[PDB]
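Structure below is target11.pdb: PDB, C-alpha atoms.
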ATOM      1  CA  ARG A  17      41.121 273.374 265.648  1.00  0.00           C
ATOM      2  CA  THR A  18      41.520 269.679 266.760  1.00  0.00           C
ATOM      3  CA  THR A  19      38.040 268.299 265.931  1.00  0.00           C
ATOM      4  CA  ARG A  20      36.567 268.587 262.456  1.00  0.00           C
ATOM      5  CA  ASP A  21      33.584 266.630 261.289  1.00  0.00           C
ATOM      6  CA  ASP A  22      32.828 268.453 258.075  1.00  0.00           C
ATOM      7  CA  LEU A  23      31.810 265.318 256.157  1.00  0.00           C
ATOM      8  CA  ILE A  24      29.431 264.029 258.881  1.00  0.00           C
ATOM      9  CA  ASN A  25      27.972 267.488 259.410  1.00  0.00           C
ATOM     10  CA  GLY A  26      27.927 268.588 255.808  1.00  0.00           C
ATOM     11  CA  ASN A  27      24.882 269.013 253.600  1.00  0.00           C
ATOM     12  CA  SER A  28      24.658 266.578 250.789  1.00  0.00           C
ATOM     13  CA  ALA A  29      22.991 269.202 248.582  1.00  0.00           C
ATOM     14  CA  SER A  30      26.114 271.370 248.873  1.00  0.00           C
ATOM     15  CA  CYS A  31      28.979 268.928 248.739  1.00  0.00           C
ATOM     16  CA  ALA A  32      32.507 270.325 248.786  1.00  0.00           C
ATOM     17  CA  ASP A  33      34.684 269.539 245.755  1.00  0.00           C
ATOM     18  CA  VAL A  34      37.494 268.043 247.862  1.00  0.00           C
ATOM     19  CA  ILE A  35      37.136 265.906 250.999  1.00  0.00           C
ATOM     20  CA  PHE A  36      40.136 265.255 253.251  1.00  0.00           C
ATOM     21  CA  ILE A  37      40.037 262.332 255.739  1.00  0.00           C
ATOM     22  CA  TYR A  38      42.823 262.274 258.311  1.00  0.00           C
ATOM     23  CA  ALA A  39      43.821 259.916 261.162  1.00  0.00           C
ATOM     24  CA  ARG A  40      45.789 261.229 264.148  1.00  0.00           C
ATOM     25  CA  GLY A  41      48.678 259.660 266.077  1.00  0.00           C
ATOM     26  CA  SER A  42      48.547 257.728 269.339  1.00  0.00           C
ATOM     27  CA  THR A  43      47.263 259.577 272.390  1.00  0.00           C
ATOM     28  CA  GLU A  44      46.507 262.743 270.379  1.00  0.00           C
ATOM     29  CA  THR A  45      43.394 264.857 271.050  1.00  0.00           C
ATOM     30  CA  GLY A  46      40.241 265.524 269.096  1.00  0.00           C
ATOM     31  CA  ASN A  47      40.192 263.713 265.791  1.00  0.00           C
ATOM     32  CA  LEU A  48      42.970 265.739 264.088  1.00  0.00           C
ATOM     33  CA  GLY A  49      45.701 265.752 266.817  1.00  0.00           C
ATOM     34  CA  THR A  50      48.858 267.884 266.448  1.00  0.00           C
ATOM     35  CA  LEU A  51      49.474 267.854 262.663  1.00  0.00           C
ATOM     36  CA  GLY A  52      45.984 267.742 261.102  1.00  0.00           C
ATOM     37  CA  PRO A  53      44.976 271.432 261.875  1.00  0.00           C
ATOM     38  CA  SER A  54      48.071 272.790 259.975  1.00  0.00           C
ATOM     39  CA  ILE A  55      47.281 270.710 256.932  1.00  0.00           C
ATOM     40  CA  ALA A  56      43.600 271.722 257.116  1.00  0.00           C
ATOM     41  CA  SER A  57      44.272 275.497 257.240  1.00  0.00           C
ATOM     42  CA  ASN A  58      46.460 275.312 254.112  1.00  0.00           C
ATOM     43  CA  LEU A  59      43.876 273.242 252.231  1.00  0.00           C
ATOM     44  CA  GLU A  60      41.191 275.816 253.101  1.00  0.00           C
ATOM     45  CA  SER A  61      43.520 278.578 251.795  1.00  0.00           C
ATOM     46  CA  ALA A  62      43.910 276.754 248.490  1.00  0.00           C
ATOM     47  CA  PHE A  63      40.309 275.664 247.891  1.00  0.00           C
ATOM     48  CA  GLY A  64      38.271 278.035 250.067  1.00  0.00           C
ATOM     49  CA  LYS A  65      36.282 277.096 253.196  1.00  0.00           C
ATOM     50  CA  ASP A  66      33.303 275.918 251.160  1.00  0.00           C
ATOM     51  CA  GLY A  67      35.632 274.127 248.714  1.00  0.00           C
ATOM     52  CA  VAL A  68      37.082 271.475 251.039  1.00  0.00           C
ATOM     53  CA  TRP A  69      35.611 269.394 253.858  1.00  0.00           C
ATOM     54  CA  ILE A  70      38.023 268.362 256.628  1.00  0.00           C
ATOM     55  CA  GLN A  71      37.090 265.097 258.420  1.00  0.00           C
ATOM     56  CA  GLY A  72      39.177 263.491 261.177  1.00  0.00           C
ATOM     57  CA  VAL A  73      38.750 259.812 262.066  1.00  0.00           C
ATOM     58  CA  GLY A  74      37.046 259.755 265.476  1.00  0.00           C
ATOM     59  CA  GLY A  75      34.326 257.364 266.644  1.00  0.00           C
ATOM     60  CA  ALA A  76      35.840 253.955 267.369  1.00  0.00           C
ATOM     61  CA  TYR A  77      39.415 255.091 266.632  1.00  0.00           C
ATOM     62  CA  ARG A  78      40.721 255.748 270.137  1.00  0.00           C
ATOM     63  CA  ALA A  79      44.388 256.069 268.999  1.00  0.00           C
ATOM     64  CA  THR A  80      45.514 253.742 271.805  1.00  0.00           C
ATOM     65  CA  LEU A  81      49.334 253.382 271.936  1.00  0.00           C
ATOM     66  CA  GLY A  82      49.296 249.617 272.564  1.00  0.00           C
ATOM     67  CA  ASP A  83      47.416 248.937 269.301  1.00  0.00           C
ATOM     68  CA  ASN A  84      50.554 249.795 267.327  1.00  0.00           C
ATOM     69  CA  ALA A  85      51.624 246.232 268.184  1.00  0.00           C
ATOM     70  CA  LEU A  86      48.563 244.575 266.560  1.00  0.00           C
ATOM     71  CA  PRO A  87      49.052 242.850 263.105  1.00  0.00           C
ATOM     72  CA  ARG A  88      48.046 245.807 260.897  1.00  0.00           C
ATOM     73  CA  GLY A  89      49.519 248.432 263.285  1.00  0.00           C
ATOM     74  CA  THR A  90      46.049 249.465 264.578  1.00  0.00           C
ATOM     75  CA  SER A  91      42.779 247.803 265.629  1.00  0.00           C
ATOM     76  CA  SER A  92      40.118 246.241 263.374  1.00  0.00           C
ATOM     77  CA  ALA A  93      37.542 248.608 264.948  1.00  0.00           C
ATOM     78  CA  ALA A  94      39.586 251.633 263.839  1.00  0.00           C
ATOM     79  CA  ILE A  95      39.917 250.280 260.279  1.00  0.00           C
ATOM     80  CA  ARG A  96      36.106 249.775 260.098  1.00  0.00           C
ATOM     81  CA  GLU A  97      35.613 253.425 261.252  1.00  0.00           C
ATOM     82  CA  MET A  98      37.931 254.872 258.546  1.00  0.00           C
ATOM     83  CA  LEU A  99      36.454 252.595 255.837  1.00  0.00           C
ATOM     84  CA  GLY A 100      33.013 253.817 256.948  1.00  0.00           C
ATOM     85  CA  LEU A 101      34.090 257.469 256.425  1.00  0.00           C
ATOM     86  CA  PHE A 102      35.447 256.789 252.905  1.00  0.00           C
ATOM     87  CA  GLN A 103      32.159 254.991 252.116  1.00  0.00           C
ATOM     88  CA  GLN A 104      30.134 257.942 253.566  1.00  0.00           C
ATOM     89  CA  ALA A 105      32.143 260.369 251.371  1.00  0.00           C
ATOM     90  CA  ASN A 106      31.439 258.298 248.307  1.00  0.00           C
ATOM     91  CA  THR A 107      27.677 258.146 249.027  1.00  0.00           C
ATOM     92  CA  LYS A 108      27.138 261.727 250.176  1.00  0.00           C
ATOM     93  CA  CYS A 109      29.343 263.385 247.513  1.00  0.00           C
ATOM     94  CA  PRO A 110      30.010 261.064 244.514  1.00  0.00           C
ATOM     95  CA  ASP A 111      31.747 263.822 242.504  1.00  0.00           C
ATOM     96  CA  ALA A 112      34.193 265.021 245.131  1.00  0.00           C
ATOM     97  CA  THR A 113      37.909 264.283 244.834  1.00  0.00           C
ATOM     98  CA  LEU A 114      39.240 262.600 248.021  1.00  0.00           C
ATOM     99  CA  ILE A 115      42.613 263.020 249.709  1.00  0.00           C
ATOM    100  CA  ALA A 116      43.845 261.324 252.887  1.00  0.00           C
ATOM    101  CA  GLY A 117      46.551 261.305 255.486  1.00  0.00           C
ATOM    102  CA  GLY A 118      47.713 259.985 258.808  1.00  0.00           C
ATOM    103  CA  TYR A 119      50.425 260.260 261.405  1.00  0.00           C
ATOM    104  CA  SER A 120      52.112 257.361 263.225  1.00  0.00           C
ATOM    105  CA  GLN A 121      49.337 254.858 264.207  1.00  0.00           C
ATOM    106  CA  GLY A 122      47.085 256.972 262.004  1.00  0.00           C
ATOM    107  CA  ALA A 123      49.445 256.376 259.045  1.00  0.00           C
ATOM    108  CA  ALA A 124      49.176 252.591 259.582  1.00  0.00           C
ATOM    109  CA  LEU A 125      45.372 253.065 259.844  1.00  0.00           C
ATOM    110  CA  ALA A 126      45.243 255.063 256.612  1.00  0.00           C
ATOM    111  CA  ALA A 127      47.325 252.384 254.794  1.00  0.00           C
ATOM    112  CA  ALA A 128      45.235 249.459 256.127  1.00  0.00           C
ATOM    113  CA  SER A 129      41.930 251.187 255.271  1.00  0.00           C
ATOM    114  CA  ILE A 130      43.030 252.112 251.751  1.00  0.00           C
ATOM    115  CA  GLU A 131      44.282 248.561 251.190  1.00  0.00           C
ATOM    116  CA  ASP A 132      40.865 247.146 252.111  1.00  0.00           C
ATOM    117  CA  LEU A 133      38.786 249.744 250.282  1.00  0.00           C
ATOM    118  CA  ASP A 134      36.605 248.983 247.314  1.00  0.00           C
ATOM    119  CA  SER A 135      38.779 249.871 244.306  1.00  0.00           C
ATOM    120  CA  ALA A 136      36.157 252.251 242.837  1.00  0.00           C
ATOM    121  CA  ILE A 137      36.386 254.445 245.985  1.00  0.00           C
ATOM    122  CA  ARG A 138      40.182 253.908 246.465  1.00  0.00           C
ATOM    123  CA  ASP A 139      40.689 255.225 242.949  1.00  0.00           C
ATOM    124  CA  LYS A 140      39.027 258.530 243.914  1.00  0.00           C
ATOM    125  CA  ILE A 141      41.787 259.301 246.484  1.00  0.00           C
ATOM    126  CA  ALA A 142      44.007 261.567 244.441  1.00  0.00           C
ATOM    127  CA  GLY A 143      46.877 261.715 247.009  1.00  0.00           C
ATOM    128  CA  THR A 144      47.751 260.419 250.475  1.00  0.00           C
ATOM    129  CA  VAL A 145      50.371 261.750 252.922  1.00  0.00           C
ATOM    130  CA  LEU A 146      51.850 259.619 255.676  1.00  0.00           C
ATOM    131  CA  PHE A 147      54.020 261.015 258.538  1.00  0.00           C
ATOM    132  CA  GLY A 148      56.144 258.698 260.802  1.00  0.00           C
ATOM    133  CA  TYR A 149      54.733 255.709 258.928  1.00  0.00           C
ATOM    134  CA  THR A 150      54.977 252.741 261.332  1.00  0.00           C
ATOM    135  CA  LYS A 151      54.752 250.189 258.471  1.00  0.00           C
ATOM    136  CA  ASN A 152      57.298 252.002 256.239  1.00  0.00           C
ATOM    137  CA  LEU A 153      59.913 249.238 256.225  1.00  0.00           C
ATOM    138  CA  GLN A 154      57.390 246.361 256.187  1.00  0.00           C
ATOM    139  CA  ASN A 155      55.484 247.847 253.241  1.00  0.00           C
ATOM    140  CA  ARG A 156      58.595 249.224 251.456  1.00  0.00           C
ATOM    141  CA  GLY A 157      57.345 252.823 251.616  1.00  0.00           C
ATOM    142  CA  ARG A 158      54.057 251.980 249.815  1.00  0.00           C
ATOM    143  CA  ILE A 159      50.380 251.624 250.623  1.00  0.00           C
ATOM    144  CA  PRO A 160      49.264 248.128 249.357  1.00  0.00           C
ATOM    145  CA  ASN A 161      47.129 248.355 246.152  1.00  0.00           C
ATOM    146  CA  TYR A 162      47.641 252.131 245.858  1.00  0.00           C
ATOM    147  CA  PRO A 163      49.966 253.857 243.285  1.00  0.00           C
ATOM    148  CA  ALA A 164      53.363 255.139 244.344  1.00  0.00           C
ATOM    149  CA  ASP A 165      52.889 258.420 242.443  1.00  0.00           C
ATOM    150  CA  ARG A 166      49.856 259.276 244.647  1.00  0.00           C
ATOM    151  CA  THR A 167      51.708 258.457 247.886  1.00  0.00           C
ATOM    152  CA  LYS A 168      54.093 260.706 249.840  1.00  0.00           C
ATOM    153  CA  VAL A 169      55.826 259.420 252.987  1.00  0.00           C
ATOM    154  CA  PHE A 170      57.557 261.750 255.445  1.00  0.00           C
ATOM    155  CA  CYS A 171      59.946 259.636 257.534  1.00  0.00           C
ATOM    156  CA  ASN A 172      62.634 261.532 259.452  1.00  0.00           C
ATOM    157  CA  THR A 173      66.192 260.226 259.864  1.00  0.00           C
ATOM    158  CA  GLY A 174      66.334 258.644 263.319  1.00  0.00           C
ATOM    159  CA  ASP A 175      62.562 258.105 263.545  1.00  0.00           C
ATOM    160  CA  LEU A 176      62.784 254.494 264.577  1.00  0.00           C
ATOM    161  CA  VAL A 177      59.195 253.591 263.590  1.00  0.00           C
ATOM    162  CA  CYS A 178      60.183 254.098 259.943  1.00  0.00           C
ATOM    163  CA  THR A 179      62.869 251.477 260.234  1.00  0.00           C
ATOM    164  CA  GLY A 180      60.808 248.588 261.700  1.00  0.00           C
ATOM    165  CA  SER A 181      60.794 249.453 265.403  1.00  0.00           C
ATOM    166  CA  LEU A 182      58.072 250.824 267.673  1.00  0.00           C
ATOM    167  CA  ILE A 183      60.331 252.922 269.867  1.00  0.00           C
ATOM    168  CA  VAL A 184      59.351 256.605 269.998  1.00  0.00           C
ATOM    169  CA  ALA A 185      62.383 258.874 269.737  1.00  0.00           C
ATOM    170  CA  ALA A 186      62.633 262.679 269.275  1.00  0.00           C
ATOM    171  CA  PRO A 187      62.570 262.704 265.386  1.00  0.00           C
ATOM    172  CA  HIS A 188      59.076 261.052 265.584  1.00  0.00           C
ATOM    173  CA  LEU A 189      57.817 264.288 267.160  1.00  0.00           C
ATOM    174  CA  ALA A 190      59.325 266.589 264.543  1.00  0.00           C
ATOM    175  CA  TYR A 191      56.898 266.589 261.615  1.00  0.00           C
ATOM    176  CA  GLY A 192      55.473 270.111 262.204  1.00  0.00           C
ATOM    177  CA  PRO A 193      57.418 271.737 259.256  1.00  0.00           C
ATOM    178  CA  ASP A 194      56.240 269.025 256.876  1.00  0.00           C
ATOM    179  CA  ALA A 195      52.585 269.452 257.879  1.00  0.00           C
ATOM    180  CA  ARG A 196      52.959 273.199 257.335  1.00  0.00           C
ATOM    181  CA  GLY A 197      54.458 273.072 253.844  1.00  0.00           C
ATOM    182  CA  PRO A 198      55.387 270.013 251.702  1.00  0.00           C
ATOM    183  CA  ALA A 199      52.454 267.790 252.818  1.00  0.00           C
ATOM    184  CA  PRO A 200      49.621 270.292 251.882  1.00  0.00           C
ATOM    185  CA  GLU A 201      51.695 271.275 248.831  1.00  0.00           C
ATOM    186  CA  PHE A 202      51.690 267.634 247.629  1.00  0.00           C
ATOM    187  CA  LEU A 203      47.934 267.180 248.310  1.00  0.00           C
ATOM    188  CA  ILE A 204      46.990 270.430 246.484  1.00  0.00           C
ATOM    189  CA  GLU A 205      49.173 269.466 243.509  1.00  0.00           C
ATOM    190  CA  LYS A 206      47.581 266.006 243.285  1.00  0.00           C
ATOM    191  CA  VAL A 207      44.030 267.430 243.444  1.00  0.00           C
ATOM    192  CA  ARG A 208      44.798 270.053 240.738  1.00  0.00           C
ATOM    193  CA  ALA A 209      46.405 267.340 238.537  1.00  0.00           C
ATOM    194  CA  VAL A 210      42.999 265.667 238.202  1.00  0.00           C
ATOM    195  CA  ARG A 211      40.571 268.600 238.678  1.00  0.00           C
ATOM    196  CA  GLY A 212      42.516 271.283 236.764  1.00  0.00           C
ATOM    197  CA  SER A 213      41.281 274.664 237.980  1.00  0.00           C
TER     198      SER A 213
END

Show this structure as structure tokens.
Amino acid sequence: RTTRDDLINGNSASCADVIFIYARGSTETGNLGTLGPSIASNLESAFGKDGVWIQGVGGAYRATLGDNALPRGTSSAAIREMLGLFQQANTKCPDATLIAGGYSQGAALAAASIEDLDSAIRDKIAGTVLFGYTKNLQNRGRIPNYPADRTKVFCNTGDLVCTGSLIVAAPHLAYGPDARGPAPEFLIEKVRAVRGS
């Protein structure tokens, strides 16, 4: 449900084939918040419960609203926590395909972490989904250093954070349908593109 630590808890002798690392929005609970559980259930349907590990970004990422105003759209402590999880995935399961996502502050966190990542680990992330991306205008709909064909941004009309503001309006809270269908669809397609099946 809202906390999943499958990568931290998982046995290195029985690594999943796919590892999903997700950062929640501001003030959301657990480490998956409101959208992460919907994406997770559809990934487990596609790959099986033993086939995918779901890992939210917890620890030092407190998802504090005020940190949206900091230079990268989140805190340096939160970026170190998400980088640490990508590096743990790479060490624990070197053959797994990675996928990532984030909502709102979590989308800025996912973009900042991927930008800073060692390229050999960044290149293992087959697809990333971003909802209510707070750096959408500033980054021109891209994650720095990461290919456009592996990125999918869900930015609703009237969601002001997608257009350079930090005002929260009703369209910012309306990504439930996307998390239920097109966002897991995109991640599954990008994993199968490189792993076959």

Considering all atoms listed in the file, give me a table of residues in range 38-83 of chain A that are at most 8 Å from range 107-130 of chain A, with the closest atom pair and distance in Å for each, as a tab-separated table.
residue	atom	partner	partner_atom	distance
A:38	CA	A:117	CA	4.8
A:39	CA	A:122	CA	4.5
A:40	CA	A:122	CA	4.9
A:41	CA	A:120	CA	5.0
A:42	CA	A:121	CA	5.9
A:51	CA	A:119	CA	7.8
A:79	CA	A:121	CA	7.0
A:81	CA	A:121	CA	7.9

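Shortest separation to residue 27 in chain A among A:66, A:185, A:172, A:56 occurs at residue A:66, atoms counted being all atoms listed in the file.
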
Evaluate the PyMOL selection byres ((chain A and resi 176-184) around 10) against this structure - the residues, as JSON, numbers by chain, please.
{"A": [84, 85, 89, 120, 121, 147, 148, 149, 150, 151, 152, 153, 154, 156, 157, 169, 170, 171, 172, 173, 174, 175, 185, 186, 187, 188, 189]}

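Between CA of residue 67 in chain A and CA of residue 190 in chain A lies a distance of 29.5 Å.
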
Please determine, counting only C-alpha atoms, which residue among A:60, A:132, A:83, A:139 has the shortest atom-to-atom distance to residue 200 in chain A.
A:60

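We find CA of residue 164 in chain A and CA of residue 53 in chain A to be spaced 25.4 Å apart.
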
Env of residue 18 in chain A: 8 Å cut, atoms = all atoms listed in the file, seq-sep filter 4 positions within chain, self excluded. Answer as a PyMOL selection string.
chain A and resi 45-50+52-53

Run the PyMOL selection byres ((chain A and resi 105) around 12) on the file and write out the hits as a PDB file with C-alpha atoms, keeping the file's coordinate frame.
ATOM      1  CA  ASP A  21      33.584 266.630 261.289  1.00  0.00           C
ATOM      2  CA  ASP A  22      32.828 268.453 258.075  1.00  0.00           C
ATOM      3  CA  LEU A  23      31.810 265.318 256.157  1.00  0.00           C
ATOM      4  CA  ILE A  24      29.431 264.029 258.881  1.00  0.00           C
ATOM      5  CA  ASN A  25      27.972 267.488 259.410  1.00  0.00           C
ATOM      6  CA  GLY A  26      27.927 268.588 255.808  1.00  0.00           C
ATOM      7  CA  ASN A  27      24.882 269.013 253.600  1.00  0.00           C
ATOM      8  CA  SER A  28      24.658 266.578 250.789  1.00  0.00           C
ATOM      9  CA  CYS A  31      28.979 268.928 248.739  1.00  0.00           C
ATOM     10  CA  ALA A  32      32.507 270.325 248.786  1.00  0.00           C
ATOM     11  CA  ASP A  33      34.684 269.539 245.755  1.00  0.00           C
ATOM     12  CA  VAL A  34      37.494 268.043 247.862  1.00  0.00           C
ATOM     13  CA  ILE A  35      37.136 265.906 250.999  1.00  0.00           C
ATOM     14  CA  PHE A  36      40.136 265.255 253.251  1.00  0.00           C
ATOM     15  CA  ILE A  37      40.037 262.332 255.739  1.00  0.00           C
ATOM     16  CA  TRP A  69      35.611 269.394 253.858  1.00  0.00           C
ATOM     17  CA  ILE A  70      38.023 268.362 256.628  1.00  0.00           C
ATOM     18  CA  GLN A  71      37.090 265.097 258.420  1.00  0.00           C
ATOM     19  CA  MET A  98      37.931 254.872 258.546  1.00  0.00           C
ATOM     20  CA  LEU A  99      36.454 252.595 255.837  1.00  0.00           C
ATOM     21  CA  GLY A 100      33.013 253.817 256.948  1.00  0.00           C
ATOM     22  CA  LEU A 101      34.090 257.469 256.425  1.00  0.00           C
ATOM     23  CA  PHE A 102      35.447 256.789 252.905  1.00  0.00           C
ATOM     24  CA  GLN A 103      32.159 254.991 252.116  1.00  0.00           C
ATOM     25  CA  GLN A 104      30.134 257.942 253.566  1.00  0.00           C
ATOM     26  CA  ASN A 106      31.439 258.298 248.307  1.00  0.00           C
ATOM     27  CA  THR A 107      27.677 258.146 249.027  1.00  0.00           C
ATOM     28  CA  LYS A 108      27.138 261.727 250.176  1.00  0.00           C
ATOM     29  CA  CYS A 109      29.343 263.385 247.513  1.00  0.00           C
ATOM     30  CA  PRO A 110      30.010 261.064 244.514  1.00  0.00           C
ATOM     31  CA  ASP A 111      31.747 263.822 242.504  1.00  0.00           C
ATOM     32  CA  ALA A 112      34.193 265.021 245.131  1.00  0.00           C
ATOM     33  CA  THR A 113      37.909 264.283 244.834  1.00  0.00           C
ATOM     34  CA  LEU A 114      39.240 262.600 248.021  1.00  0.00           C
ATOM     35  CA  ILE A 115      42.613 263.020 249.709  1.00  0.00           C
ATOM     36  CA  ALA A 116      43.845 261.324 252.887  1.00  0.00           C
ATOM     37  CA  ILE A 137      36.386 254.445 245.985  1.00  0.00           C
ATOM     38  CA  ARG A 138      40.182 253.908 246.465  1.00  0.00           C
ATOM     39  CA  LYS A 140      39.027 258.530 243.914  1.00  0.00           C
ATOM     40  CA  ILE A 141      41.787 259.301 246.484  1.00  0.00           C
TER      41      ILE A 141
END

Take every atom of range 124-139 of chain A listed in the file, fit an axis-aligned box around them, add 4 Å per side, and give the centre and edge lengths in Å to one decimal as JSON.
{"center_x": 42.7, "center_y": 251.2, "center_z": 251.3, "size_x": 21.0, "size_y": 16.1, "size_z": 25.0}

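Taking CA of residue 63 in chain A and CA of residue 19 in chain A as endpoints, the distance between them is 19.6 Å.
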
In the coordinate frame of the file, compute which residues have an atom within 9 Å of (39.8, 251.1, 264.3) when using only C-alpha atoms, and state them as JSON, numbers by chain.
{"A": [75, 76, 77, 78, 79, 90, 91, 92, 93, 94, 95, 96, 97, 98, 125]}

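The smallest atom-to-atom distance between residue 209 in chain A and any of A:166, A:196, A:88, A:158, using all atoms listed in the file, is found for A:166.
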
Using all atoms listed in the file, find the one residue out of A:202, A:194, A:87, A:135 that sits nearest to residue 167 in chain A.
A:202

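Using all atoms listed in the file for every distance, the candidate list A:213, A:161, A:58, A:43 yields A:161 as the residue closest to residue 133 in chain A.
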